[PDB]
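Reminder, nothing fancy here: chain letters follow the sequence lines and each chain counts from 1. These numbers come from the heavy atoms of this one structure, side chains and all, not from hydrogens, waters or symmetry mates.
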Number of protein chains: 2
Amino acid sequence: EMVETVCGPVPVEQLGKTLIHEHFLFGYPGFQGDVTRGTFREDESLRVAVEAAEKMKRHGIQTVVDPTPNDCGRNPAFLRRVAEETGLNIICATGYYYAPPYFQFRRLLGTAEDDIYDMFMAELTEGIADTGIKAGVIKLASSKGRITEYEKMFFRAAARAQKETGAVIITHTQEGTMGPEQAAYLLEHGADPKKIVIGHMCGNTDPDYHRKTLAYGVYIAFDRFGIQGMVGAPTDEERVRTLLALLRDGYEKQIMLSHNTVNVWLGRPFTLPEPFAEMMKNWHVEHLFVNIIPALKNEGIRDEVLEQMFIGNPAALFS
Amino acid sequence: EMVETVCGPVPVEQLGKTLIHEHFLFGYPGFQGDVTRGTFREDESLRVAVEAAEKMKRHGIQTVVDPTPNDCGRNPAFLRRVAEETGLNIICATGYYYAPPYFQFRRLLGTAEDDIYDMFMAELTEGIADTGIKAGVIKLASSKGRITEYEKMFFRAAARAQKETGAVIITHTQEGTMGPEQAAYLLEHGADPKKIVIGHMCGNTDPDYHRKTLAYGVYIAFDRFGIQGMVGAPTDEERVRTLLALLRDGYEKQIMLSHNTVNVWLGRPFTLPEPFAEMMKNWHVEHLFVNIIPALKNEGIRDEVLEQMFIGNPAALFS
Ligand SMILES: CCCC(=O)N[C@H]1CCOC1=O
Ligand SMILES: CCCC(=O)N[C@H]1CCOC1=O
Ligand SMILES: [Fe+3]
Ligand SMILES: [Fe+3]
Ligand SMILES: [Mn+2]
Ligand SMILES: [Mn+2]
């Protein structure tokens, strides 16, 4: 019936057309230390965030899931201002970026898993900090080729919180690995497959890997459209090829699409070197609508299917 | 002549009796993510910080160096309130805690070392964030048994900044390793030995290691008095034994003492288990004065020598 947004509970039937994964603000953990030369400018950042939101609305987007982790500059009050300014629904997350010393220490104390669970529960059902704003998703990540014991604590805490709240879990997979293992581990700890999104699945170009992941009944996200040439992320050409194969296999009810944009970078400004700058030129919130979707239609993907991915799937995911 | 404190430039001759290493606030990197259950309470934190300062002033302490790193909750405006409240001089640092994603990324961009140098220079000569408060020390750290290439970037940036500003460098060594290598690397990049403090040297109990470090002409700090209880980690009894040997070798002009206290922990509150708790029971700002110093005097250490360590050495270090 309802889902927690940065503006409070909203009927799931009102979410409409949704981008499952985009960042209004993002900083890599550590950006905090570089505050002097990387100061946050609120007015300019809000202006940029709002322009990005208006671009999305132009393409009919009504809802954005912004899963910026707790240590990556997640700012619920800022996201509420963006929502208030634009009428967009924005759903935020609780979780940590892809071990940090704070949690090495609580592991020592032996309280880490319970502390993480308590954190998830507080942010899902009480509010983040003193904002009164609640997260609607739990964000998780694992390592390349392995789900470490550290990471499993988070997975276990997430499974517990998911069982109590019915919140959605969104994961990050590293370099196209551990999709099946993520789903299996969550399910083995009681998590609901219909409330799980295995993310960055576009990082793998082997359809068998996807089918193995999809067999668990979870959602999967091709959530990095526009990102090419870095991380050894595949090309958009490769993403589309993989997507087309799955869609022609009838998997549209388990697939969602996004760009993983960072519209305002936190910390010190930078500029990408010339070779990558060009490969990364389509990495913006309009890319799916101006480039990818028309290419899909040319390959015979019907509106029905597209609507299922952008509207049907988020509705079912959050209900 | 002058040193930058959180209240601005102060004559070095007014520093007087000094604790070279104590934290008013500290959180392990990652504490930021746990804001909801680990909210910073300003009034209570200030009250606790000020009480700690007043305990130090009771033992004649007039200056504290608080080298809390940039990513560990360093809060110059807070430290200035403590100083204003108590009359203490407080000198803060610029540096990162003992590679986080932010700097892995700038390493990719190839600008990391220059960025770190720029950061040091800005914080030493302009001010931290918008506070107008300048650091007086550069804080550095290396790994157990190795100074990594990542860490060496910081060391190189620090050496450059030190040559330009004459600022002091304070290091963290991990588990009694790399003292000599730290001094050698800094000196090889032009840093001034009389402006360097190799920290946590109390972590090693082999006097030859200390003498090898001292041979470079740097200061060394026994800066963790009261910290005891980890298996294989040094006891206060062991610290005193090592210290006594060096003092009887005539090294008092290169040695400084501290506790490395954390008076207010940032992030979620915790309680140490009963056994470790009892071992850690002397970890407070009065410990050197009520326990360690009287024990030194019983072993024949004269006031002259103690005065050199607590007053003479910091004066020479910062001048
Ligand atoms: C430029 C490389 C791509 C990138 O920065 N991805 C970021 C976006 C948010 O989560 C990530 O890891
Ligand atoms: C409670 C155990 C001791 C401990 O955590 N010391 C910490 C505090 C400051 O930097 C240290 O290394
Ligand atoms: Fe992301
Ligand atoms: Fe310290
Ligand atoms: Mn991601
Ligand atoms: Mn340290």
Side-chain angles (χ1 to χ4, degrees), chain A residues 26-33 67-74 93-120 123 138-161 169-175 177-178 181-182 185-186 189 199-200 231, chain B residues 26-38 69-73 96-105 107 141-146 148 150-151 172 174-175 230-231 233 262 265-270 272-273 276:
Chain A
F26 180 93
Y28 287 111
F31 75 93
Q32 305 97 332
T68 302
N70 297 15
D71 52 344
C72 294
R74 178 192 60 172
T94 171
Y96 270 68
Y97 184 58
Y98 149 68
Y102 183 75
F103 276 118
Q104 300 176 18
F105 184 73
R106 312 207 74 96
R107 277 195 90 195
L108 243 60
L109 308 179
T111 61
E113 188 191 318
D114 288 336
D115 295 336
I116 294 161
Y117 165 81
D118 180 41
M119 175 186 76
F120 286 161
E123 298 192 329
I138 301 169
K139 174 67 173 305
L140 295 168
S142 55
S143 288
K144 172 183 165 66
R146 184 183 309 194
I147 310 184
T148 70
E149 215 59 37
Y150 176 70
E151 295 161 340
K152 286 179 179 165
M153 289 195 311
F154 283 86
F155 277 66
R156 291 201 299 278
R160 291 165 59 188
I169 293 170
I170 300 190
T171 76
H172 154 123
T173 60
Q174 189 64 23
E175 303 179 39
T177 66
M178 309 311 283
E181 291 80 5
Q182 278 192 356
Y185 194 79
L186 290 172
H189 292 82
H200 305 346
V231 180
Chain B
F26 179 94
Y28 289 111
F31 75 94
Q32 304 95 335
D34 202 14
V35 59
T36 293
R37 289 289 199 245
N70 296 14
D71 51 342
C72 294
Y96 271 66
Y97 184 58
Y98 158 56
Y102 184 76
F103 276 117
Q104 300 175 18
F105 183 74
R107 277 194 90 195
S142 56
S143 288
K144 173 182 164 67
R146 185 182 308 194
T148 70
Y150 175 69
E151 294 160 342
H172 155 125
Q174 188 64 22
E175 303 179 41
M230 283 308 160
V231 51
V262 168
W265 278 95
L266 302 180
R268 193 187 298 239
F270 62 96
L272 295 172
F276 286 177

Novice: For A/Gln104, give me all partners under side chain to side chain donor-acceptor pair (under 3.5 Å), at least two apart in sequence or on another chain.
Specialist: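 Counting only residues at least two positions away or on another chain, A/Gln104 forms no side chain to side chain donor-acceptor pair (under 3.5 Å).
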
Novice: Taking all non-hydrogen atoms of both residues, which atom of B/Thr36 and which atom of A/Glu123 are closest, and how far apart?
Specialist: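 Scanning both residues, the minimum pair turns out to be OG1-OE2, 2.5 Å.
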
Novice: Return the set of residues passing salt bridge (charged side-chain N to carboxylate O under 4.0 Å, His left out) with A/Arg146 (not counting sequence neighbours), or none when no residue passes.
Specialist: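 Listed in chain order: nothing, the list is empty.
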
Novice: Output all residues satisfying salt bridge (charged side-chain N to carboxylate O under 4.0 Å, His left out) with A/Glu175, sequence neighbours left out; order by chain, then residue number.
Specialist: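 Result, salt bridge (charged side-chain N to carboxylate O under 4.0 Å, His left out) vs A/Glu175: A/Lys144.
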
Novice: Under 4.0 Å between a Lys/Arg side-chain N and an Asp/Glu carboxylate O for A/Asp115 and B/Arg37?
Specialist: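 Between B/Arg37 and A/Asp115 there is no salt bridge, as every charged N stays at least 4.0 Å from the carboxylate O atoms.
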
Novice: Would you say the side chain of B/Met230 lies within less than 4.5 Å of the side chain of B/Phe276, judging by non-hydrogen atoms?
Specialist: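 Touching, per the 4.5 Å side-chain cut-off.
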
Novice: Of all residues at least two apart in sequence or in a different chain, which pass the side chain to side chain contact (heavy atoms under 4.5 Å, CB included) check with B/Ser143?
Specialist: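 Checked B/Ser143 against side chain to side chain contact (heavy atoms under 4.5 Å, CB included); matches are B/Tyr98, B/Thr148, B/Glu151.
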
Novice: Determine yes or no for a side-chain-to-main-chain donor-acceptor pair under 3.5 angstrom, with A/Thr68 supplying the side chain and A/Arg74 the backbone.
Specialist: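 Looks like no, no N/O pair under 3.5 Å.
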
Novice: Taking only residues two or more places apart in sequence, or in another chain, which ones meet B/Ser142 in a side chain to side chain donor-acceptor pair (under 3.5 Å)?
Specialist: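 Partners of B/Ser142 by the side chain to side chain donor-acceptor pair (under 3.5 Å) criterion, ordered by chain and then number, come out as B/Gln182.
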
Novice: Using ring pair (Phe, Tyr, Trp, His ring centres under 6.0 Å) as the criterion, list what pairs up with B/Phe103, not counting sequence neighbours.
Specialist: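 Checked B/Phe103 against ring pair (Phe, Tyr, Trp, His ring centres under 6.0 Å); matches are B/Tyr96, B/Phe154.
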
Novice: Considering residues at least two apart in sequence or located in another chain, which fulfil the side chain to side chain contact (heavy atoms under 4.5 Å, CB included) criterion with B/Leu272?
Specialist: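 B/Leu272 satisfies side chain to side chain contact (heavy atoms under 4.5 Å, CB included) with A/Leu109, B/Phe270, B/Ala277, B/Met280 once adjacent residues are dropped.
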
Novice: With sequence neighbours left out, what residues match A/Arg160 under salt bridge (charged side-chain N to carboxylate O under 4.0 Å, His left out)?
Specialist: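 Checked A/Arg160 against salt bridge (charged side-chain N to carboxylate O under 4.0 Å, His left out); matches are A/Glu113, A/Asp114.
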
Novice: Distance from A/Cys72 atom SG to B/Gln32 atom CD, nearest 0.5 Å?
Specialist: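 Output value for this atom pair is 10.5 Å.
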
Novice: Apply ring pair (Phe, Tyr, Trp, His ring centres under 6.0 Å) to B/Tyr28 and list each qualifying residue two or more places apart in sequence or on a separate chain.
Specialist: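 B/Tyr28 satisfies ring pair (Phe, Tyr, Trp, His ring centres under 6.0 Å) with A/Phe105, B/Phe26, B/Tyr97, B/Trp265 once adjacent residues are dropped.
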
Novice: Using side chain to side chain donor-acceptor pair (under 3.5 Å) as the criterion, list what pairs up with A/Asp71, not counting sequence neighbours.
Specialist: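 Expected list: none.
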
Novice: Enter the distance from A/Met178:CE to A/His172:NE2 here, rounded to the nearest 0.5 Å.
Specialist: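 The NE2 atom of A/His172 is 12.5 Å from CE of A/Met178, to the nearest 0.5 Å.
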
Novice: Answer yes or no: is there a side-chain heavy-atom contact under 4.5 Å between A/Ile116 and A/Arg156?
Specialist: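 No - every pair of side-chain heavy atoms lies 4.5 Å or more apart.
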
Novice: Under the salt bridge (charged side-chain N to carboxylate O under 4.0 Å, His left out) test, which residues partner B/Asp34, sequence neighbours left out?
Specialist: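 Checked B/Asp34 against salt bridge (charged side-chain N to carboxylate O under 4.0 Å, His left out); matches are B/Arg268.
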
Novice: With A/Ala158, which residues qualify under side chain to side chain contact (heavy atoms under 4.5 Å, CB included), at least two apart?
Specialist: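 Listed in chain order: A/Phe120, A/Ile138, A/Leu140, A/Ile169.
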
Novice: Give the C-alpha distance, both sets of side-chain angles, the deciding distance and a yes or no for side chain to side chain contact (heavy atoms under 4.5 Å, CB included) between A/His200 and A/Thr171.
Specialist: CA-CA 8 Å; A/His200 305 346; A/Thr171 76; over 6 Å; no

Novice: Spell out, as yes or no, whether a donor-acceptor pair under 3.5 Å connects the side chain of A/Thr173 to the backbone of A/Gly199.
Specialist: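 Yes, A/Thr173 side chain to A/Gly199 backbone: donor-acceptor pair under 3.5 Å.
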
Novice: Any salt bridge linking A/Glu149 with A/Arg107? Criterion: basic side-chain nitrogen under 4.0 Å from a carboxylate oxygen.
Specialist: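 No, no charged N to carboxylate O under 4.0 Å.
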
Novice: Side chain to side chain contact (heavy atoms under 4.5 Å, CB included) with B/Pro29: which of A/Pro29, A/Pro101, A/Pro100?
Specialist: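 Considering A/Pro29, A/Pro101, A/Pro100, a side chain to side chain contact (heavy atoms under 4.5 Å, CB included) with B/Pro29 is found only for A/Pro101.
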
